[PDB]
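Data block below; observations after.
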Amino acid sequence: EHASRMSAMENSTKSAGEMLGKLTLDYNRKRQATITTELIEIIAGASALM
Amino acid sequence: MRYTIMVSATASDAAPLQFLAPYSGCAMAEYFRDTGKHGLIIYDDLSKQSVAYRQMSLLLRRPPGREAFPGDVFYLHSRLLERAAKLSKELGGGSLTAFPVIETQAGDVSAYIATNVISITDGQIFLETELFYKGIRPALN
Amino acid sequence: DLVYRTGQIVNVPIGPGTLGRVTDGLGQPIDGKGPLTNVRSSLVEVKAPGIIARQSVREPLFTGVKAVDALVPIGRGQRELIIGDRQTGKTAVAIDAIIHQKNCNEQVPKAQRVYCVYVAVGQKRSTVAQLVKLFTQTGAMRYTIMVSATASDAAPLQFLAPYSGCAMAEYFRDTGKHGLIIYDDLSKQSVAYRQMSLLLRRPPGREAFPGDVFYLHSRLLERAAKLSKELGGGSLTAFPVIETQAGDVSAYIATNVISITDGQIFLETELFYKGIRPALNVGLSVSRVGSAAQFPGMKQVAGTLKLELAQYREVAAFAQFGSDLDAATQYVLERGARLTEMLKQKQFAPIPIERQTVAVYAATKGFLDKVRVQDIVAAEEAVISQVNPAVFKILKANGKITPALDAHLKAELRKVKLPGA
Amino acid sequence: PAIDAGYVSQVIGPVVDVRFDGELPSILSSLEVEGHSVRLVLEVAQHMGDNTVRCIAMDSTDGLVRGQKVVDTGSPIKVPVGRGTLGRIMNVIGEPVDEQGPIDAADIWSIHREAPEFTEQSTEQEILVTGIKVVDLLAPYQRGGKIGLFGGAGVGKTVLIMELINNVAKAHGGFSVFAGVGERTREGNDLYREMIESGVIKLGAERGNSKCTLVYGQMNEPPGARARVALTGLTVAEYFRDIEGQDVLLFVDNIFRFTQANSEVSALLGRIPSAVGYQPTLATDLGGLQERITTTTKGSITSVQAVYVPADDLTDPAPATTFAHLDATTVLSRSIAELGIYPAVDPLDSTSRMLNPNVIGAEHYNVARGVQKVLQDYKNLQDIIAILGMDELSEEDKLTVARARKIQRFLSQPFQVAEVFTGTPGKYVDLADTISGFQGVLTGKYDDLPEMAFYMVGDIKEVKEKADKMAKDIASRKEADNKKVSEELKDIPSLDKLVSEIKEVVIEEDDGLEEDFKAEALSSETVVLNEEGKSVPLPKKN
Amino acid sequence: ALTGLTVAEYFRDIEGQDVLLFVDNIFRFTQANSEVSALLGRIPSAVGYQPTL
Ligand SMILES: Nc1ncnc2c1ncn2[C@@H]1O[C@H](COP(=O)(O)OP(=O)(O)OP(=O)(O)O)[C@@H](O)[C@H]1O
Ligand SMILES: Nc1ncnc2c1ncn2[C@@H]1O[C@H](COP(=O)(O)OP(=O)(O)O)[C@@H](O)[C@H]1O
Ligand SMILES: [Mg+2]
Ligand SMILES: [Mg+2]
């Protein structure tokens, strides 16, 4: 039991590092898209006035 | 249909017709509220009336805001939904209850029009798409 | 300043005088070999040929890459996206295609030769110079034009260099010959066009790209076609290259060119650092137009190869890594490793297709299962060296492994000295 | 002569402004430019004031000068409509591009029609069986309804719409109208050759027996042509619906390209952009297009429209606006395709108005809702299975995961149009076979059979006939040792007699590309035009 | 909010009293100033509020 839990928790660290690595890239894409869309909104507001 | 009025500004109609159709339906429903009867008004797809208002104001060259909506898109739904009231006895005691509908995108409740109409209305009825596919119909969260 | 009009829509020199010449994005040569002599000017913005002007893709364009010509076969007139991260071997596949067109051009008649155009958009000038030295020292510059709008050039030149190279290749398409154009880093053309659009104060869309950034690549890639018999019968094959960030192929320009081209060559960044080169993502990369335009014999073995690599990815990286090992499906693991190491191939060495179908015949029929996985790359060259060269000529001329040929091939495949083991 | 003739004021890409000094054309009225290299048709979009209209060109504007005479046609874009358009390919402005002569027009209709009124709406929810398991089970298609195939560039909404053409349009009794909006020209040529070969398009004298009209505005065309070619397809379909009284099929590949072309021309019309970069008039343009496709009282149109999501974003405004126009969405997913499941239909994102127990019966409805419940319970467990494994699930949940992994292989199906690149023959599946199969997988009748026995099979019979072949084959590890001996002198010669009977081809050095070549003389100095128009070199001043 | 505040400021300064000022949703002050600021000729600030927030 102890030696199989030692391997199952290694598999869980591997899976929760893989999931975290994909979710970090997803967050970075969402962050980049967020600054881009907020900046495009500010430029579209300023180009209607200037 | 004996008790129902239907105000229908469809997708083929102009943007001011879809912008003005909740106000037309509220004015038709305020007759029962002001003459002592009790009214029920459903603004189905209020998030499409906001989109029609966005188009109508962007083509008037007014400056855009959050998701290119007008700045006064809160006032658009607040001055519409505040007309749903329960009057006093000296005004007849008539009532009008509103059921506005907002469509969200992928369950994002933090959208602009969604948060505005949540801050305007009294209650909320949330319908999740994961409760819908688990057999729970209506999918009340 | 005085601005004079020339009287002509934006044109580049097209013709047989462009072969061997390095060019900028406007038509004037930069290799220092004087002006273009045997040439004439045509427009860079040509409407693509219509529906009647095309015919179905029948003939195969051999890349010379084993992983490409077996699993994602590419016909003449196709558009095949080469997509992947930075330093995953996209340019290597493209220049293996150009070198292999040089190698096959000396063995076919002149009506079946392929004249290549390499458009380098946004690259370093040093890598373009090294690539010109490569195409000169491999003899491939005789059939190759190189258009070069480097990173120092103006962004209108990087925007226009794919259209310039496409007109230079549309000469070969329209005159009944066969062309092969490679838009290397077509993402950099969209970056240059985004620069031109934002400096023109046009309202930006997704990822600050203009609204007509799909039209920018569809104009370019619809000109790669296979013309009908009443238009000369010529063809133009496009190899657009799109670079992805962290393997995100759901990006804007990536999904634009995926929804334009016929197939894809997904080059995974994980297999490129595990030594598997070319790092072809076999699960994602398709080619559904040159699937009918495949060399038969390679179509006889490569379907079984792709099926066995499909059922190899049912135990992919959980052989005993996750919970357990079966030891009845040890065979699919120790055979998919052989089929993986069979498809690895070093750079600047493209293989004729008759020497690829024999290698995948030896890898698939079971002539290499007792070879250790560390020496299958030596076993392949030992098979190609030790089997007599008559079977290569018979398979190249007949165009299929005949029932008269597979017996002699299994005869010549059981008397090879596979090293080690 | 000077009346009804304006001149080009300014050329901004596909947007041309024309100044009419005498009298201005109406909005949507078509104009024609005199002296162009092609027939350049402009369509008036705005009146800008100062006697100037603002137009949208149906072809390219390269070569336009700002003095060119522009003739008002006095009408919108009129295309030939009728039974004489059957078997013909036509572009956005009705010109025959199939090189079969002029189109024998029964009439010429304006491509801008008002949508049919509220009194001319037909509310008849009748099912249309397609032979696709996931489509017939989880989101069935209405017989006279609008159908969307939402997809993300490579997930298979062209293979799905080709299979719907293969399955539905052959069993149909009316006319089909394929509108190609912004798709590949190779795909239009492939569909033309397949429809000529299969006999639904006939050439020459038997052209009247052809049952399909192709209207092609593909992605090589400028954004003015891709913005109005859906209207040409609608006009050809609306003539069959309204005047002919027929039941029409209308397949529109990539209705997104209409929206994208309007957003491309909208930046040069001088508008403030809406959300993520589209035009402010997205919803009203899409509504004015999609409300013309209606089963009326005098005819029905079964519309199947492929919709493209731009970066696998369903929250993008152009598919999110399209979602409210359709009776049955079939959302194809990238992840389902990456699992190898084809058609890659998301079962928990595709919906239909026909999935109602009072219209398709309670048995079919209960089966579809049970399959969706099992798939939703598996999607709820997708994170525990990933980060912990299946060994930590409950015994009731491992059964849920097993039945869900069976039903999500069983939703996949081979296609008759995908058999050319997959090798497996296609499967048409009847509706009762789908309900009878998914009843058996829901109740637990097939917990014996493995998960891959359900993958890419037709019906529930073929699951059992594949689990037989999967267990004959593991017993076929020890069947025989195959050897063919004493064979070399039966019919096969040798190695060297074969190289003597091949026909080696002749090769030629110095390829000779100077045959039929013009070879104009490009001099060193760049040639410009002086003020009298002569081709002179540059002056020596900078 | 300025009207309720000047009633409380009269009750604080002149009457000298200790005042309670309950303001329900002071967010709507900034929201109401945001709805007019594009029409006052001000280019927008961060997420969609006025530059003078
Ligand atoms: N099949 C191969 N075998 C061995 N090495 C290879 C192979 N293909 C490429 N390489 C090496 O790996 C590197 C990949 O460079 P390459 O230009 O092919 O990638 P790329 O995707 O074009 O990168 P970038 O876009 O950044 O130029 C090169 O240095 C090359 O020498
Ligand atoms: N039913 C199917 N069977 C097998 N392969 C499919 C199927 N549907 C799609 N594919 C694969 O996915 C790709 C989808 O291409 P396409 O049909 O053009 O979709 P899209 O128009 O969305 O790009 C094809 O290259 C094909 O290989
Ligand atoms: Mg490169
Ligand atoms: Mg497509």
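Residue numbers start at 1 in each chain; chains themselves are named A, B, ... in the order of the structure tokens; ligands are numbered from 1 in the order shown.
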Contact table chain A vs chain C, cut-off 9 Å, shortest pair per residue, only C-alpha atoms, as a Markdown table:
```
| residue | atom | partner | partner_atom | distance |
| --- | --- | --- | --- | --- |
| A:7 | CA | C:323 | CA | 8.4 |
| A:8 | CA | C:323 | CA | 7.9 |
| A:11 | CA | C:322 | CA | 6.5 |
| A:25 | CA | C:246 | CA | 7.6 |
| A:32 | CA | C:207 | CA | 8.6 |
| A:33 | CA | C:207 | CA | 6.7 |
| A:36 | CA | C:207 | CA | 6.4 |
| A:37 | CA | C:207 | CA | 7.9 |
| A:40 | CA | C:204 | CA | 7.2 |
| A:43 | CA | C:203 | CA | 8.9 |
| A:44 | CA | C:203 | CA | 7.6 |
```
**Report entry** Within 10 Å of ligand 4, counting only C-alpha atoms and all ligand atoms, residues as a VMD selection string
**Finding:** (chain C and resid 258 to 262) or (chain D and resid 151 to 161 180 182 to 184 187 253 to 254 306 to 308)
Requested in this report: Please provide the set of residues having any atom within 10 Å of residue E:31, restricted to only C-alpha atoms, with same-chain residues fewer than 6 positions apart removed, written as JSON, numbers by chain.
Outcome: {"B": [71, 72, 74, 75], "E": [48, 49, 50, 53]}
Could you turn the residues from that selection into a file that holds N, CA and C atoms, as a short mmCIF file (atom, residue, chain, number, x, y, z; two decimals), in the first residue's frame?
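File produced: result17.cif:
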```
data_model
loop_
_atom_site.label_atom_id
_atom_site.label_comp_id
_atom_site.auth_asym_id
_atom_site.auth_seq_id
_atom_site.Cartn_x
_atom_site.Cartn_y
_atom_site.Cartn_z
N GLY B 71 -21.68 54.44 -23.42
CA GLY B 71 -21.53 54.66 -22.00
C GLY B 71 -22.85 54.55 -21.26
N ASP B 72 -23.94 54.99 -21.89
CA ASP B 72 -25.26 55.02 -21.27
C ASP B 72 -26.06 53.76 -21.54
N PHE B 74 -26.17 51.33 -19.46
CA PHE B 74 -26.79 51.01 -18.18
C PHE B 74 -28.12 51.72 -18.04
N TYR B 75 -28.17 53.00 -18.43
CA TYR B 75 -29.38 53.80 -18.33
C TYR B 75 -30.47 53.27 -19.25
N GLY E 48 -13.03 51.45 -18.77
CA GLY E 48 -14.18 52.06 -19.41
C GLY E 48 -14.73 53.21 -18.60
N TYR E 49 -14.06 53.50 -17.49
CA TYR E 49 -14.38 54.65 -16.67
C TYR E 49 -13.80 55.92 -17.28
N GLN E 50 -14.18 57.05 -16.69
CA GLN E 50 -13.71 58.35 -17.15
C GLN E 50 -12.25 58.55 -16.78
N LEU E 53 -11.68 59.83 -12.83
CA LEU E 53 -12.38 58.98 -11.87
C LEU E 53 -11.92 59.24 -10.44
#
```
Query - Check: which chain A residues lie within 12 Å of chain B using only C-alpha atoms, as JSON, numbers by chain - result: {"A": [34, 37, 38, 39, 40, 41, 42, 43, 44, 45, 46, 47, 48, 49, 50]}
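Every protein or nucleic acid residue with an atom no more than 8 Å from stretch 257-268 of chain D, counting only C-alpha atoms and leaving out same-chain residues fewer than 4 positions away, appears here: residues 202, 203, 211 and 212 of chain C; 12, 13, 14, 15, 56, 181, 182, 223, 224, 226, 227, 228, 230, 272, 273, 277, 278, 279, 282, 285, 286 and 318 of chain D.
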Next, dump the selected residues to file, keeping only C-alpha atoms, as a PDB file, in the first residue's frame.
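Result saved to again_24.pdb:
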```pdb
ATOM      1  CA  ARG C 202      -7.237  50.876 -40.049  1.00  0.00           C
ATOM      2  CA  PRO C 203      -9.317  49.445 -37.173  1.00  0.00           C
ATOM      3  CA  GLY C 211     -10.030  42.431 -41.062  1.00  0.00           C
ATOM      4  CA  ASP C 212      -8.586  41.490 -44.465  1.00  0.00           C
TER       5      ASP C 212
ATOM      6  CA  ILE D  12     -10.233  52.913 -51.314  1.00  0.00           C
ATOM      7  CA  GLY D  13      -9.631  49.198 -51.801  1.00  0.00           C
ATOM      8  CA  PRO D  14     -12.929  47.502 -52.637  1.00  0.00           C
ATOM      9  CA  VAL D  15     -14.798  50.717 -51.744  1.00  0.00           C
ATOM     10  CA  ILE D  56     -18.796  48.223 -52.952  1.00  0.00           C
ATOM     11  CA  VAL D 181     -19.185  31.639 -49.912  1.00  0.00           C
ATOM     12  CA  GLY D 182     -15.483  32.177 -49.324  1.00  0.00           C
ATOM     13  CA  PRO D 223     -14.747  41.065 -50.246  1.00  0.00           C
ATOM     14  CA  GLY D 224     -17.444  42.713 -52.338  1.00  0.00           C
ATOM     15  CA  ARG D 226     -18.059  37.292 -50.990  1.00  0.00           C
ATOM     16  CA  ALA D 227     -20.485  39.713 -49.320  1.00  0.00           C
ATOM     17  CA  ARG D 228     -23.217  39.301 -51.940  1.00  0.00           C
ATOM     18  CA  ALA D 230     -24.924  34.377 -50.452  1.00  0.00           C
ATOM     19  CA  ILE D 272     -16.510  52.994 -35.853  1.00  0.00           C
ATOM     20  CA  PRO D 273     -15.851  49.290 -35.168  1.00  0.00           C
ATOM     21  CA  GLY D 277     -13.203  44.136 -34.742  1.00  0.00           C
ATOM     22  CA  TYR D 278     -16.361  43.410 -36.686  1.00  0.00           C
ATOM     23  CA  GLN D 279     -18.745  45.915 -38.219  1.00  0.00           C
ATOM     24  CA  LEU D 282     -23.225  42.483 -37.734  1.00  0.00           C
ATOM     25  CA  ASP D 285     -26.825  42.231 -41.770  1.00  0.00           C
ATOM     26  CA  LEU D 286     -26.884  38.623 -40.570  1.00  0.00           C
ATOM     27  CA  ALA D 318     -20.078  36.351 -35.566  1.00  0.00           C
TER      28      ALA D 318
END
```
Hey, could you make a per-residue contact list for chain D against chain A with 12 Å as the cut-off, showing the nearest pair of atoms and its distance in Å to one decimal, counting only C-alpha atoms, sorted by chain and number, as a tab-separated table?
```
residue	atom	partner	partner_atom	distance
D:270	CA	A:48	CA	10.8
D:271	CA	A:48	CA	9.6
D:272	CA	A:48	CA	7.1
D:273	CA	A:44	CA	7.2
D:274	CA	A:44	CA	8.8
D:275	CA	A:41	CA	8.2
D:276	CA	A:37	CA	7.0
D:277	CA	A:40	CA	8.6
D:311	CA	A:33	CA	12.0
D:313	CA	A:30	CA	11.9
D:382	CA	A:19	CA	11.8
D:383	CA	A:19	CA	9.4
D:384	CA	A:12	CA	10.2
D:385	CA	A:15	CA	9.9
D:386	CA	A:15	CA	6.6
D:387	CA	A:15	CA	5.2
D:388	CA	A:12	CA	5.6
D:389	CA	A:12	CA	8.1
D:390	CA	A:8	CA	11.3
D:391	CA	A:8	CA	9.8
D:392	CA	A:8	CA	10.4
```
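Distance check against chain A using only C-alpha atoms: of E:40, E:1, E:13, E:52, the minimum falls on E:40.
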Neighbours of stretch 390-395 of chain C within 7 Å (only C-alpha atoms; same-chain residues fewer than 2 positions away dropped), as a JSON list (two decimals) with N, CA, C and O atoms, in the first residue's frame?
```json
[["chain", "number", "residue", "atom", "x", "y", "z"],
["C", 354, "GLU", "N", 11.37, 5.41, -54.44],
["C", 354, "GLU", "CA", 11.56, 3.97, -54.59],
["C", 354, "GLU", "C", 12.50, 3.40, -53.54],
["C", 354, "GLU", "O", 12.47, 2.19, -53.29],
["C", 355, "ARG", "N", 13.34, 4.23, -52.92],
["C", 355, "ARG", "CA", 14.16, 3.81, -51.80],
["C", 355, "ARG", "C", 13.51, 4.10, -50.46],
["C", 355, "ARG", "O", 14.07, 3.72, -49.43],
["C", 388, "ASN", "N", 20.22, -5.27, -54.09],
["C", 388, "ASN", "CA", 20.69, -4.93, -55.42],
["C", 388, "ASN", "C", 19.82, -3.84, -56.04],
["C", 388, "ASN", "O", 18.62, -3.76, -55.76],
["C", 397, "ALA", "N", 9.91, 2.09, -62.22],
["C", 397, "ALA", "CA", 9.32, 2.08, -63.55],
["C", 397, "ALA", "C", 7.90, 1.53, -63.53],
["C", 397, "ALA", "O", 7.00, 2.11, -64.15],
["C", 398, "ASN", "N", 7.67, 0.42, -62.82],
["C", 398, "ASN", "CA", 6.34, -0.16, -62.75],
["C", 398, "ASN", "C", 5.40, 0.68, -61.89],
["C", 398, "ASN", "O", 4.18, 0.63, -62.07],
["C", 399, "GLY", "N", 5.95, 1.44, -60.95],
["C", 399, "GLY", "CA", 5.15, 2.31, -60.12],
["C", 399, "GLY", "C", 4.34, 1.62, -59.05],
["C", 399, "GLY", "O", 3.48, 2.26, -58.46],
["C", 400, "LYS", "N", 4.59, 0.34, -58.80],
["C", 400, "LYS", "CA", 3.90, -0.41, -57.75],
["C", 400, "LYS", "C", 4.70, -1.68, -57.47],
["C", 400, "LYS", "O", 5.40, -2.19, -58.35],
["C", 401, "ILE", "N", 4.59, -2.17, -56.24],
["C", 401, "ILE", "CA", 5.18, -3.47, -55.92],
["C", 401, "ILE", "C", 4.29, -4.54, -56.53],
["C", 401, "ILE", "O", 3.23, -4.86, -55.98],
["D", 495, "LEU", "N", 15.20, -11.08, -61.62],
["D", 495, "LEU", "CA", 15.51, -9.66, -61.43],
["D", 495, "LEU", "C", 15.94, -8.98, -62.72],
["D", 495, "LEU", "O", 15.56, -7.82, -62.96],
["D", 498, "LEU", "N", 13.46, -8.40, -65.89],
["D", 498, "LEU", "CA", 12.53, -7.29, -65.66],
["D", 498, "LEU", "C", 13.14, -5.95, -66.03],
["D", 498, "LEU", "O", 12.45, -5.09, -66.57],
["D", 499, "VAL", "N", 14.44, -5.75, -65.78],
["D", 499, "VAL", "CA", 15.06, -4.47, -66.13],
["D", 499, "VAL", "C", 15.29, -4.35, -67.63],
["D", 499, "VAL", "O", 15.58, -3.25, -68.12]]
```
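Residues of chain B that DSSP places in strand (DSSP E or B), based on the backbone of this structure, are residues 38, 39, 40, 41, 42, 43, 86, 95, 96, 97, 98, 99, 100, 105, 108, 127 and 140 of chain B.
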Report task. Residues of chain E near chain A: apply a cut-off of 12 Å, count only C-alpha atoms, and supply the list as a PyMOL selection string. Result -> chain E and resi 37-51
Using N, CA, C and O atoms, can you export the residues from the last selection as a tab-separated table (two decimals), in the first residue's frame?
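Result file is again_27.tsv:
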```tsv
chain	number	residue	atom	x	y	z
E	37	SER	N	-19.15	60.92	-19.91
E	37	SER	CA	-17.80	61.43	-20.14
E	37	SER	C	-17.34	61.28	-21.58
E	37	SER	O	-16.49	62.05	-22.02
E	38	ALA	N	-17.88	60.31	-22.32
E	38	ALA	CA	-17.57	60.25	-23.74
E	38	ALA	C	-18.27	61.36	-24.51
E	38	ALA	O	-17.74	61.86	-25.51
E	39	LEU	N	-19.45	61.77	-24.05
E	39	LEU	CA	-20.16	62.88	-24.68
E	39	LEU	C	-19.65	64.23	-24.22
E	39	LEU	O	-19.96	65.24	-24.86
E	40	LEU	N	-18.88	64.28	-23.14
E	40	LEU	CA	-18.21	65.51	-22.74
E	40	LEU	C	-16.89	65.73	-23.47
E	40	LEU	O	-16.24	66.75	-23.25
E	41	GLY	N	-16.50	64.80	-24.34
E	41	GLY	CA	-15.29	64.98	-25.12
E	41	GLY	C	-14.04	64.42	-24.49
E	41	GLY	O	-12.94	64.87	-24.82
E	42	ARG	N	-14.17	63.44	-23.60
E	42	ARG	CA	-13.03	62.85	-22.92
E	42	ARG	C	-12.76	61.47	-23.48
E	42	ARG	O	-13.67	60.64	-23.55
E	43	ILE	N	-11.51	61.23	-23.89
E	43	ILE	CA	-11.13	59.91	-24.39
E	43	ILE	C	-11.06	58.99	-23.18
E	43	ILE	O	-10.69	59.43	-22.09
E	44	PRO	N	-11.46	57.72	-23.31
E	44	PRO	CA	-11.66	56.89	-22.12
E	44	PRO	C	-10.36	56.46	-21.46
E	44	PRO	O	-9.30	56.38	-22.09
E	45	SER	N	-10.47	56.18	-20.18
E	45	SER	CA	-9.39	55.74	-19.31
E	45	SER	C	-9.30	54.22	-19.35
E	45	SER	O	-9.77	53.58	-20.30
E	46	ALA	N	-8.72	53.62	-18.31
E	46	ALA	CA	-8.79	52.18	-18.07
E	46	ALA	C	-10.24	51.75	-17.86
E	46	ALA	O	-11.15	52.59	-17.81
E	47	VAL	N	-10.50	50.48	-17.56
E	47	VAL	CA	-11.46	49.60	-18.24
E	47	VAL	C	-12.67	50.19	-18.99
E	47	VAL	O	-13.26	49.49	-19.82
E	48	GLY	N	-13.03	51.45	-18.77
E	48	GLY	CA	-14.18	52.06	-19.41
E	48	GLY	C	-14.73	53.21	-18.60
E	48	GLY	O	-15.73	53.83	-18.97
E	49	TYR	N	-14.06	53.50	-17.49
E	49	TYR	CA	-14.38	54.65	-16.67
E	49	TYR	C	-13.80	55.92	-17.28
E	49	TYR	O	-13.03	55.89	-18.24
E	50	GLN	N	-14.18	57.05	-16.69
E	50	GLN	CA	-13.71	58.35	-17.15
E	50	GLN	C	-12.25	58.55	-16.78
E	50	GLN	O	-11.73	57.87	-15.89
E	51	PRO	N	-11.54	59.46	-17.46
E	51	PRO	CA	-10.18	59.80	-17.01
E	51	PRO	C	-10.15	60.50	-15.67
E	51	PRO	O	-9.14	60.41	-14.97
```
Requested in this report: Using only C-alpha atoms and all ligand atoms, find each protein or nucleic acid residue lying at most 7 Å from ligand 3; present the set as a PyMOL selection string.
Outcome: chain C and resi 90-91+184-185
Requested in this report: List all protein, DNA and RNA residues that have any atom at most 6 Å from ligand 1, counting only C-alpha atoms and all ligand atoms, and write the list as a PyMOL selection string.
Outcome: chain C and resi 86-92+277-278+345-347
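Computed from the coordinates, the atom CA of residue B:127 to atom CA of residue D:141 distance equals 24.7 Å.
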Report task. Show which residues sit within 8 Å of residue C:215, as a count of residues only. Count only C-alpha atoms, and ignore same-chain residues fewer than 6 positions away. Result -> 4
Query raised in the report: Separation of atom CA of residue C:172 and atom CA of residue C:114, in Å?
Result: 8.7 Å
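When the distance limit is 12 Å and only C-alpha atoms are what count, the residues near residue E:24, minus those fewer than 4 positions from it on the same chain, are residues 1, 4, 28 and 29 of chain E.
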Report task. Could you please select, counting only C-alpha atoms, the residues of chain D within 7 Å of chain B and state them as JSON, numbers by chain? Result -> {"D": [115, 271, 272, 274, 275, 280, 281, 284, 287, 288, 291, 315, 348, 372, 373, 376, 377]}
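Distances from B:70, B:138, B:94, B:100 to chain E were compared using only C-alpha atoms, and the smallest one belongs to B:70.
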Query - Distance criterion (only C-alpha atoms and all ligand atoms): nearest to ligand 2 out of C:169, C:309, C:286, C:104 - result: C:286
